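Heads up, protein31.txt below (compact mmCIF, N, CA, C and O atoms):
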# COMPACT_ATOMS: atom_id res chain seq x y z
N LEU A 17 0.85 -1.21 0.00
CA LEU A 17 0.00 0.00 0.00
C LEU A 17 0.88 1.24 0.00
O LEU A 17 0.88 2.01 0.94
N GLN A 18 1.61 1.41 -1.05
CA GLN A 18 2.50 2.59 -1.14
C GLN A 18 1.68 3.81 -1.49
O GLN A 18 2.11 4.93 -1.28
N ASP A 19 0.52 3.57 -2.01
CA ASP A 19 -0.36 4.69 -2.38
C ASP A 19 -1.75 4.18 -2.73
O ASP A 19 -2.72 4.91 -2.64
N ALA A 20 -1.81 2.94 -3.12
CA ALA A 20 -3.12 2.35 -3.49
C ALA A 20 -3.83 3.22 -4.53
O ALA A 20 -3.40 4.32 -4.82
N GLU A 21 -4.92 2.70 -5.08
CA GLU A 21 -5.67 3.49 -6.10
C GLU A 21 -6.99 3.98 -5.53
O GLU A 21 -7.21 5.17 -5.42
N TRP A 22 -7.84 3.06 -5.18
CA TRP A 22 -9.15 3.46 -4.61
C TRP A 22 -8.97 4.55 -3.58
O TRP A 22 -9.77 5.45 -3.45
N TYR A 23 -7.89 4.45 -2.86
CA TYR A 23 -7.60 5.46 -1.81
C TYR A 23 -6.76 6.59 -2.41
O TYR A 23 -5.81 6.34 -3.13
N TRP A 24 -7.13 7.81 -2.11
CA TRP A 24 -6.35 8.94 -2.67
C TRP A 24 -5.22 9.32 -1.74
O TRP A 24 -4.16 9.73 -2.18
N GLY A 25 -5.45 9.17 -0.48
CA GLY A 25 -4.40 9.50 0.52
C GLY A 25 -5.03 10.20 1.72
O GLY A 25 -4.45 11.09 2.30
N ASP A 26 -6.21 9.78 2.05
CA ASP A 26 -6.91 10.38 3.21
C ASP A 26 -7.32 11.83 2.91
O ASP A 26 -6.49 12.67 2.61
N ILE A 27 -8.61 12.08 2.96
CA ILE A 27 -9.10 13.46 2.68
C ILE A 27 -10.24 13.83 3.63
O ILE A 27 -10.13 13.66 4.83
N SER A 28 -11.33 14.33 3.09
CA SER A 28 -12.47 14.71 3.95
C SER A 28 -13.79 14.53 3.21
O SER A 28 -13.81 14.20 2.04
N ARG A 29 -14.87 14.75 3.91
CA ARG A 29 -16.19 14.60 3.26
C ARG A 29 -16.32 15.52 2.08
O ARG A 29 -17.00 15.23 1.12
N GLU A 30 -15.65 16.63 2.16
CA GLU A 30 -15.72 17.59 1.04
C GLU A 30 -15.24 16.94 -0.25
O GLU A 30 -15.95 16.90 -1.22
N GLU A 31 -14.05 16.41 -0.22
CA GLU A 31 -13.51 15.76 -1.43
C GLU A 31 -14.28 14.49 -1.73
O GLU A 31 -14.89 14.35 -2.77
N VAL A 32 -14.24 13.58 -0.79
CA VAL A 32 -14.96 12.30 -0.98
C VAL A 32 -16.34 12.55 -1.58
O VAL A 32 -16.61 12.18 -2.71
N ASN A 33 -17.18 13.19 -0.82
CA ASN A 33 -18.55 13.49 -1.31
C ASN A 33 -18.53 14.15 -2.69
O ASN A 33 -18.99 13.58 -3.66
N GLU A 34 -17.99 15.35 -2.75
CA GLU A 34 -17.92 16.08 -4.05
C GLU A 34 -17.65 15.15 -5.22
O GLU A 34 -18.03 15.43 -6.34
N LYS A 35 -16.99 14.07 -4.94
CA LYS A 35 -16.69 13.11 -6.03
C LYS A 35 -17.73 12.01 -6.09
O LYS A 35 -18.08 11.53 -7.14
N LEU A 36 -18.21 11.64 -4.95
CA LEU A 36 -19.23 10.58 -4.90
C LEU A 36 -20.64 11.16 -5.02
O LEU A 36 -21.61 10.44 -4.93
N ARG A 37 -20.72 12.44 -5.22
CA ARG A 37 -22.06 13.07 -5.35
C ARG A 37 -22.62 12.85 -6.75
O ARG A 37 -23.79 13.07 -6.99
N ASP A 38 -21.78 12.40 -7.63
CA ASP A 38 -22.22 12.15 -9.02
C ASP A 38 -21.40 11.05 -9.66
O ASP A 38 -20.53 11.31 -10.47
N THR A 39 -21.67 9.83 -9.29
CA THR A 39 -20.91 8.70 -9.87
C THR A 39 -21.80 7.47 -10.04
O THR A 39 -22.99 7.53 -9.83
N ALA A 40 -21.20 6.37 -10.41
CA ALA A 40 -21.99 5.13 -10.59
C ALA A 40 -22.80 4.81 -9.34
O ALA A 40 -22.90 5.62 -8.44
N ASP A 41 -23.36 3.62 -9.31
CA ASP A 41 -24.17 3.21 -8.13
C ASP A 41 -23.41 2.22 -7.27
O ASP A 41 -23.85 1.11 -7.05
N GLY A 42 -22.26 2.64 -6.80
CA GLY A 42 -21.45 1.73 -5.94
C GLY A 42 -19.97 2.11 -6.01
O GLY A 42 -19.17 1.37 -6.55
N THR A 43 -19.65 3.25 -5.47
CA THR A 43 -18.23 3.70 -5.50
C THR A 43 -17.56 3.44 -4.15
O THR A 43 -18.22 3.08 -3.20
N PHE A 44 -16.25 3.63 -4.08
CA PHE A 44 -15.57 3.38 -2.79
C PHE A 44 -14.15 3.93 -2.73
O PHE A 44 -13.34 3.66 -3.59
N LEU A 45 -13.90 4.69 -1.70
CA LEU A 45 -12.56 5.29 -1.51
C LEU A 45 -12.24 5.34 0.00
O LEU A 45 -12.88 4.65 0.77
N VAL A 46 -11.27 6.15 0.39
CA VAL A 46 -10.92 6.22 1.86
C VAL A 46 -11.21 7.60 2.44
O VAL A 46 -11.22 8.59 1.74
N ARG A 47 -11.44 7.62 3.73
CA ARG A 47 -11.74 8.89 4.44
C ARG A 47 -10.76 9.04 5.58
O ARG A 47 -10.63 8.16 6.41
N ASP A 48 -10.08 10.14 5.62
CA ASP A 48 -9.11 10.35 6.72
C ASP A 48 -9.76 10.31 8.09
O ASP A 48 -10.74 10.99 8.34
N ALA A 49 -9.20 9.50 8.96
CA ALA A 49 -9.76 9.38 10.34
C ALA A 49 -8.89 10.13 11.34
O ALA A 49 -8.26 9.54 12.19
N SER A 50 -8.87 11.43 11.22
CA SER A 50 -8.04 12.23 12.16
C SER A 50 -8.81 12.51 13.45
O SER A 50 -8.54 13.47 14.14
N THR A 51 -9.75 11.64 13.76
CA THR A 51 -10.55 11.83 15.00
C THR A 51 -10.17 10.80 16.06
O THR A 51 -11.02 10.30 16.76
N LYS A 52 -8.90 10.51 16.15
CA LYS A 52 -8.46 9.52 17.17
C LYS A 52 -6.94 9.45 17.25
O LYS A 52 -6.39 8.98 18.23
N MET A 53 -6.28 9.92 16.23
CA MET A 53 -4.80 9.88 16.24
C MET A 53 -4.30 8.49 16.62
O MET A 53 -3.15 8.33 17.00
N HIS A 54 -5.17 7.52 16.51
CA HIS A 54 -4.76 6.13 16.86
C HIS A 54 -5.31 5.14 15.84
O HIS A 54 -4.89 4.00 15.79
N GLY A 55 -6.24 5.59 15.05
CA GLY A 55 -6.84 4.70 14.01
C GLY A 55 -6.27 5.04 12.63
O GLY A 55 -5.58 6.03 12.47
N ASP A 56 -6.57 4.22 11.66
CA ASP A 56 -6.06 4.48 10.30
C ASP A 56 -6.99 5.43 9.55
O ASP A 56 -6.83 6.63 9.61
N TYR A 57 -7.95 4.87 8.85
CA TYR A 57 -8.90 5.72 8.09
C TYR A 57 -10.32 5.22 8.21
O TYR A 57 -10.69 4.60 9.19
N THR A 58 -11.10 5.49 7.21
CA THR A 58 -12.50 5.05 7.22
C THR A 58 -13.00 4.80 5.80
O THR A 58 -12.97 5.68 4.97
N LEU A 59 -13.44 3.59 5.55
CA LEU A 59 -13.94 3.27 4.19
C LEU A 59 -15.32 3.88 3.96
O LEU A 59 -16.19 3.77 4.78
N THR A 60 -15.47 4.51 2.82
CA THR A 60 -16.78 5.14 2.50
C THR A 60 -17.19 4.77 1.08
O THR A 60 -16.39 4.85 0.17
N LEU A 61 -18.43 4.37 0.92
CA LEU A 61 -18.91 3.99 -0.44
C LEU A 61 -20.22 4.66 -0.79
O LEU A 61 -21.02 4.95 0.06
N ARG A 62 -20.40 4.89 -2.06
CA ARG A 62 -21.64 5.54 -2.51
C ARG A 62 -22.67 4.48 -2.82
O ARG A 62 -22.50 3.70 -3.74
N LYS A 63 -23.73 4.48 -2.06
CA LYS A 63 -24.80 3.48 -2.28
C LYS A 63 -25.89 4.02 -3.22
O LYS A 63 -27.07 3.87 -2.96
N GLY A 64 -25.47 4.63 -4.29
CA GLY A 64 -26.47 5.18 -5.25
C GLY A 64 -26.75 6.65 -4.96
O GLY A 64 -27.31 7.36 -5.77
N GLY A 65 -26.35 7.08 -3.80
CA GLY A 65 -26.58 8.51 -3.43
C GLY A 65 -26.32 8.72 -1.94
O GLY A 65 -26.06 9.82 -1.50
N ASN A 66 -26.39 7.65 -1.20
CA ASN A 66 -26.15 7.74 0.26
C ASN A 66 -24.77 7.22 0.61
O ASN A 66 -24.53 6.03 0.60
N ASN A 67 -23.88 8.12 0.90
CA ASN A 67 -22.51 7.71 1.25
C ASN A 67 -22.51 6.87 2.53
O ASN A 67 -22.76 7.37 3.60
N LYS A 68 -22.22 5.60 2.38
CA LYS A 68 -22.19 4.72 3.58
C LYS A 68 -20.80 4.73 4.21
O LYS A 68 -19.83 4.38 3.57
N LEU A 69 -20.74 5.13 5.45
CA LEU A 69 -19.43 5.17 6.13
C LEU A 69 -19.10 3.85 6.83
O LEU A 69 -19.95 3.21 7.41
N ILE A 70 -17.84 3.47 6.74
CA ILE A 70 -17.40 2.21 7.38
C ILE A 70 -16.07 2.44 8.09
O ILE A 70 -15.14 2.98 7.51
N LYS A 71 -15.98 2.02 9.32
CA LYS A 71 -14.71 2.22 10.07
C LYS A 71 -13.70 1.10 9.82
O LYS A 71 -14.05 -0.03 9.55
N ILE A 72 -12.44 1.47 9.91
CA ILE A 72 -11.34 0.48 9.70
C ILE A 72 -10.77 0.09 11.07
O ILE A 72 -10.44 0.95 11.86
N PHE A 73 -10.67 -1.20 11.35
CA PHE A 73 -10.12 -1.61 12.67
C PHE A 73 -8.62 -1.88 12.59
O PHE A 73 -8.20 -2.95 12.18
N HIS A 74 -7.85 -0.89 12.96
CA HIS A 74 -6.37 -1.03 12.93
C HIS A 74 -5.83 -1.11 14.36
O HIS A 74 -6.55 -0.84 15.30
N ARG A 75 -4.57 -1.48 14.51
CA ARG A 75 -3.99 -1.56 15.88
C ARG A 75 -2.62 -0.88 15.96
O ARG A 75 -2.48 0.13 16.61
N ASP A 76 -1.64 -1.45 15.30
CA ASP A 76 -0.28 -0.85 15.32
C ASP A 76 0.18 -0.49 13.91
O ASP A 76 1.03 0.36 13.73
N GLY A 77 -0.39 -1.14 12.95
CA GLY A 77 -0.01 -0.86 11.54
C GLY A 77 -0.70 -1.84 10.61
O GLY A 77 -0.64 -1.71 9.40
N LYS A 78 -1.35 -2.81 11.19
CA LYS A 78 -2.05 -3.81 10.37
C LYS A 78 -3.49 -3.36 10.10
O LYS A 78 -3.81 -2.21 10.29
N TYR A 79 -4.33 -4.28 9.67
CA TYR A 79 -5.74 -3.89 9.40
C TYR A 79 -6.72 -4.96 9.83
O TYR A 79 -6.40 -6.13 9.84
N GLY A 80 -7.89 -4.51 10.18
CA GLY A 80 -8.95 -5.46 10.62
C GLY A 80 -10.19 -5.24 9.78
O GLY A 80 -10.76 -4.16 9.78
N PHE A 81 -10.58 -6.26 9.08
CA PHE A 81 -11.78 -6.14 8.24
C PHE A 81 -12.51 -7.47 8.14
O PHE A 81 -13.71 -7.51 7.97
N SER A 82 -11.77 -8.52 8.24
CA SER A 82 -12.39 -9.87 8.16
C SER A 82 -11.67 -10.86 9.05
O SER A 82 -12.29 -11.57 9.82
N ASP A 83 -10.38 -10.89 8.94
CA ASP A 83 -9.60 -11.83 9.78
C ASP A 83 -9.23 -11.16 11.12
O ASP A 83 -9.45 -9.98 11.29
N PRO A 84 -8.69 -11.94 12.07
CA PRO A 84 -8.30 -11.40 13.38
C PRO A 84 -7.07 -10.46 13.27
O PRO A 84 -6.11 -10.59 14.00
N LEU A 85 -7.13 -9.52 12.36
CA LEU A 85 -5.99 -8.59 12.20
C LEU A 85 -4.69 -9.35 12.04
O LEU A 85 -3.95 -9.54 12.98
N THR A 86 -4.43 -9.78 10.83
CA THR A 86 -3.18 -10.53 10.58
C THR A 86 -2.67 -10.30 9.16
O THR A 86 -1.47 -10.29 8.92
N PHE A 87 -3.57 -10.11 8.23
CA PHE A 87 -3.12 -9.88 6.83
C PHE A 87 -2.32 -8.60 6.75
O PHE A 87 -1.54 -8.39 5.85
N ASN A 88 -2.54 -7.77 7.72
CA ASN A 88 -1.83 -6.46 7.80
C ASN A 88 -1.78 -5.69 6.47
O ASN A 88 -0.94 -4.83 6.30
N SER A 89 -2.66 -5.99 5.56
CA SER A 89 -2.63 -5.25 4.26
C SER A 89 -4.01 -5.12 3.66
O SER A 89 -4.76 -6.07 3.56
N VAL A 90 -4.31 -3.93 3.22
CA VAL A 90 -5.64 -3.70 2.62
C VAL A 90 -5.63 -4.10 1.18
O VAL A 90 -6.54 -4.73 0.69
N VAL A 91 -4.58 -3.74 0.51
CA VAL A 91 -4.49 -4.09 -0.91
C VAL A 91 -4.69 -5.58 -1.07
O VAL A 91 -5.26 -6.03 -2.04
N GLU A 92 -4.21 -6.31 -0.12
CA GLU A 92 -4.37 -7.78 -0.19
C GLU A 92 -5.83 -8.13 0.02
O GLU A 92 -6.40 -8.91 -0.72
N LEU A 93 -6.40 -7.54 1.04
CA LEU A 93 -7.83 -7.82 1.32
C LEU A 93 -8.70 -7.26 0.21
O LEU A 93 -9.27 -7.99 -0.56
N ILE A 94 -8.79 -5.96 0.18
CA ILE A 94 -9.61 -5.30 -0.86
C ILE A 94 -9.45 -6.00 -2.20
O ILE A 94 -10.38 -6.09 -2.97
N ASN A 95 -8.27 -6.49 -2.47
CA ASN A 95 -8.06 -7.19 -3.75
C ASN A 95 -8.94 -8.43 -3.83
O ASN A 95 -9.62 -8.66 -4.81
N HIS A 96 -8.92 -9.20 -2.77
CA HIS A 96 -9.75 -10.42 -2.74
C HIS A 96 -11.23 -10.09 -2.89
O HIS A 96 -12.01 -10.92 -3.30
N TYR A 97 -11.59 -8.87 -2.54
CA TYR A 97 -13.02 -8.48 -2.66
C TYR A 97 -13.28 -7.73 -3.95
O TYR A 97 -14.39 -7.75 -4.47
N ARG A 98 -12.28 -7.09 -4.47
CA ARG A 98 -12.47 -6.34 -5.73
C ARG A 98 -12.86 -7.29 -6.84
O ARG A 98 -13.69 -6.97 -7.67
N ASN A 99 -12.27 -8.45 -6.84
CA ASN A 99 -12.60 -9.44 -7.90
C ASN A 99 -13.82 -10.27 -7.52
O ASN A 99 -14.53 -10.77 -8.37
N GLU A 100 -14.05 -10.39 -6.23
CA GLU A 100 -15.22 -11.17 -5.76
C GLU A 100 -16.38 -10.27 -5.37
O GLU A 100 -17.05 -9.72 -6.22
N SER A 101 -16.60 -10.12 -4.09
CA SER A 101 -17.71 -9.26 -3.63
C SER A 101 -17.90 -9.37 -2.13
O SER A 101 -17.85 -10.45 -1.58
N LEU A 102 -18.10 -8.26 -1.50
CA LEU A 102 -18.29 -8.29 -0.03
C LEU A 102 -19.65 -8.89 0.32
O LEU A 102 -20.61 -8.18 0.53
N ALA A 103 -19.70 -10.20 0.36
CA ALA A 103 -20.97 -10.87 0.69
C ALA A 103 -21.03 -11.25 2.17
O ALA A 103 -22.00 -11.84 2.62
N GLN A 104 -20.00 -10.91 2.89
CA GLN A 104 -20.00 -11.24 4.34
C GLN A 104 -20.61 -10.11 5.16
O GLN A 104 -21.19 -10.34 6.20
N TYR A 105 -20.46 -8.90 4.68
CA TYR A 105 -21.03 -7.75 5.42
C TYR A 105 -22.53 -7.94 5.65
O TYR A 105 -22.95 -8.39 6.70
N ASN A 106 -23.30 -7.58 4.67
CA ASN A 106 -24.77 -7.72 4.80
C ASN A 106 -25.23 -9.12 4.28
O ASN A 106 -25.11 -9.39 3.10
N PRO A 107 -25.76 -10.00 5.16
CA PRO A 107 -26.21 -11.31 4.71
C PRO A 107 -27.40 -11.21 3.76
O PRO A 107 -27.76 -10.14 3.33
N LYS A 108 -27.97 -12.35 3.44
CA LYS A 108 -29.13 -12.39 2.51
C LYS A 108 -28.84 -11.74 1.16
O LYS A 108 -29.59 -11.90 0.22
N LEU A 109 -27.75 -11.02 1.06
CA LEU A 109 -27.42 -10.37 -0.23
C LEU A 109 -25.92 -10.21 -0.37
O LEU A 109 -25.15 -10.88 0.28
N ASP A 110 -25.51 -9.31 -1.23
CA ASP A 110 -24.06 -9.10 -1.42
C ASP A 110 -23.79 -7.79 -2.15
O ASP A 110 -24.64 -7.28 -2.86
N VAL A 111 -22.60 -7.26 -1.95
CA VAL A 111 -22.23 -5.98 -2.61
C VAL A 111 -20.94 -6.13 -3.40
O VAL A 111 -20.09 -6.94 -3.07
N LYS A 112 -20.82 -5.35 -4.44
CA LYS A 112 -19.60 -5.41 -5.29
C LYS A 112 -19.11 -4.00 -5.58
O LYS A 112 -19.76 -3.25 -6.28
N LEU A 113 -17.95 -3.66 -5.04
CA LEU A 113 -17.41 -2.29 -5.28
C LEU A 113 -16.37 -2.27 -6.42
O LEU A 113 -15.21 -2.02 -6.21
N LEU A 114 -16.82 -2.54 -7.61
CA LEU A 114 -15.90 -2.54 -8.77
C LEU A 114 -15.91 -1.19 -9.49
O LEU A 114 -15.87 -1.13 -10.70
N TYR A 115 -15.98 -0.14 -8.73
CA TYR A 115 -16.00 1.21 -9.35
C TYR A 115 -15.32 2.23 -8.43
O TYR A 115 -15.97 3.07 -7.86
N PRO A 116 -14.01 2.12 -8.32
CA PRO A 116 -13.24 3.03 -7.47
C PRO A 116 -13.09 4.40 -8.12
O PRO A 116 -13.43 4.59 -9.27
N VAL A 117 -12.58 5.34 -7.36
CA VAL A 117 -12.39 6.71 -7.90
C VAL A 117 -11.02 7.24 -7.50
O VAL A 117 -10.54 6.93 -6.43
N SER A 118 -10.42 8.00 -8.35
CA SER A 118 -9.08 8.54 -8.01
C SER A 118 -8.62 9.55 -9.03
O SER A 118 -9.41 10.08 -9.79
N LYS A 119 -7.34 9.78 -9.04
CA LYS A 119 -6.75 10.74 -10.00
C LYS A 119 -5.60 10.10 -10.76
O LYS A 119 -4.89 10.76 -11.49
N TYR A 120 -5.44 8.82 -10.57
CA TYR A 120 -4.35 8.10 -11.27
C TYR A 120 -4.38 8.39 -12.76
O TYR A 120 -5.47 8.65 -13.25
Conversion result in structure tokens:
Amino acid sequence: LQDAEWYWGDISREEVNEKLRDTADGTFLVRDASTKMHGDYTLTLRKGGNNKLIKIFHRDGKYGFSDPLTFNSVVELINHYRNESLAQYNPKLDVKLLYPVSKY
């Protein structure tokens, strides 16, 4: 994760939103979590118009999203979901975030 793509580099609702205010029906990027000085960031996705916020569970430098904090990498995780689909979050259904946003 030297820079990642979906993630721009931590920003704010102004940027995130301004970009997710007019996009496909399922976007996803990162939101700077400067409200703890101890956490990493916050995943945010556009659900057709309602930006859904999601917190990231970090500890010392790794990441928590599915496993007991061990993969220590988002690119590794997000990758496994980018090609598949987050069907573990909300049961009875599934979501697919194959529409990231950036400036690459």
Please, which residues in segment 27-86 of chain A fall within 12 Å of segment 92-109 of chain A when counting only C-alpha atoms, and what is the closest atom pair and distance in Å to one decimal for each, ordered by chain then residue number, as a tab-separated table?
residue	atom	partner	partner_atom	distance
A:42	CA	A:101	CA	11.8
A:43	CA	A:98	CA	11.6
A:44	CA	A:98	CA	10.6
A:45	CA	A:94	CA	11.0
A:46	CA	A:94	CA	11.9
A:59	CA	A:94	CA	10.8
A:70	CA	A:105	CA	10.8
A:78	CA	A:93	CA	11.5
A:79	CA	A:93	CA	9.2
A:80	CA	A:93	CA	9.7
A:81	CA	A:93	CA	8.1
A:82	CA	A:93	CA	8.5
A:83	CA	A:93	CA	9.5
A:85	CA	A:93	CA	11.1
A:86	CA	A:93	CA	10.7
Q: Using only N, CA, C and O atoms, find the one residue out of A:118, A:39, A:89, A:51 that sits nearest to residue 77 of chain A.
A: A:89
Q) Per DSSP on the backbone, what are the helix (DSSP H, G or I) residues of chain A, as a ChimeraX atom specification? A) /A:29-36,90-98
Q: Can you pull out every residue within 12 Å of segment 22-38 of chain A, counting only C-alpha atoms, but drop anything in the same chain fewer than 3 positions away, and send it as a VMD selection string?
A: chain A and resid 17 to 19 41 to 51 56 to 69 90 to 91 94 to 95 98 113 to 120
Q: Just give me the gap between atom N of residue 71 of chain A and atom O of residue 112 of chain A in Å, one decimal is fine.
A: 16.9 Å
Name the residues of segment 38-104 of chain A that come out as strand (DSSP E) in a backbone DSSP run; write them as a CSV table (one decimal) with N, CA, C and O atoms, in the coordinates of the input.
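Result went into part_9.csv, see below:
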chain,number,residue,atom,x,y,z
A,43,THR,N,-19.6,3.2,-5.5
A,43,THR,CA,-18.2,3.7,-5.5
A,43,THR,C,-17.6,3.4,-4.2
A,43,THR,O,-18.2,3.1,-3.2
A,44,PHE,N,-16.2,3.6,-4.1
A,44,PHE,CA,-15.6,3.4,-2.8
A,44,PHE,C,-14.2,3.9,-2.7
A,44,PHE,O,-13.3,3.7,-3.6
A,45,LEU,N,-13.9,4.7,-1.7
A,45,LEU,CA,-12.6,5.3,-1.5
A,45,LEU,C,-12.2,5.3,0.0
A,45,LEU,O,-12.9,4.6,0.8
A,46,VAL,N,-11.3,6.2,0.4
A,46,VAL,CA,-10.9,6.2,1.9
A,46,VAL,C,-11.2,7.6,2.4
A,46,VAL,O,-11.2,8.6,1.7
A,47,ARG,N,-11.4,7.6,3.7
A,47,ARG,CA,-11.7,8.9,4.4
A,47,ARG,C,-10.8,9.0,5.6
A,47,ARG,O,-10.6,8.2,6.4
A,48,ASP,N,-10.1,10.1,5.6
A,48,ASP,CA,-9.1,10.4,6.7
A,48,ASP,C,-9.8,10.3,8.1
A,48,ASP,O,-10.7,11.0,8.3
A,57,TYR,N,-8.0,4.9,8.8
A,57,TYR,CA,-8.9,5.7,8.1
A,57,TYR,C,-10.3,5.2,8.2
A,57,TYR,O,-10.7,4.6,9.2
A,58,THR,N,-11.1,5.5,7.2
A,58,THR,CA,-12.5,5.0,7.2
A,58,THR,C,-13.0,4.8,5.8
A,58,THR,O,-13.0,5.7,5.0
A,59,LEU,N,-13.4,3.6,5.6
A,59,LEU,CA,-13.9,3.3,4.2
A,59,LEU,C,-15.3,3.9,4.0
A,59,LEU,O,-16.2,3.8,4.8
A,60,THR,N,-15.5,4.5,2.8
A,60,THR,CA,-16.8,5.1,2.5
A,60,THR,C,-17.2,4.8,1.1
A,60,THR,O,-16.4,4.8,0.2
A,61,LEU,N,-18.4,4.4,0.9
A,61,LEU,CA,-18.9,4.0,-0.4
A,61,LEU,C,-20.2,4.7,-0.8
A,61,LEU,O,-21.0,5.0,0.1
A,62,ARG,N,-20.4,4.9,-2.1
A,62,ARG,CA,-21.6,5.5,-2.5
A,62,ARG,C,-22.7,4.5,-2.8
A,62,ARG,O,-22.5,3.7,-3.7
A,67,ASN,N,-23.9,8.1,0.9
A,67,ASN,CA,-22.5,7.7,1.2
A,67,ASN,C,-22.5,6.9,2.5
A,67,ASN,O,-22.8,7.4,3.6
A,68,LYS,N,-22.2,5.6,2.4
A,68,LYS,CA,-22.2,4.7,3.6
A,68,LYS,C,-20.8,4.7,4.2
A,68,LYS,O,-19.8,4.4,3.6
A,69,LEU,N,-20.7,5.1,5.4
A,69,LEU,CA,-19.4,5.2,6.1
A,69,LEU,C,-19.1,3.8,6.8
A,69,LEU,O,-20.0,3.2,7.4
A,70,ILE,N,-17.8,3.5,6.7
A,70,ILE,CA,-17.4,2.2,7.4
A,70,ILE,C,-16.1,2.4,8.1
A,70,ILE,O,-15.1,3.0,7.5
A,71,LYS,N,-16.0,2.0,9.3
A,71,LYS,CA,-14.7,2.2,10.1
A,71,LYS,C,-13.7,1.1,9.8
A,71,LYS,O,-14.0,0.0,9.6
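Note that atom N of residue 54 of chain A and atom O of residue 74 of chain A are 8.6 Å apart.
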Q) In Å, with one decimal, what is the gap from atom C of residue 55 of chain A to atom C of residue 88 of chain A? A)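 A separation of 13.2 Å between them.
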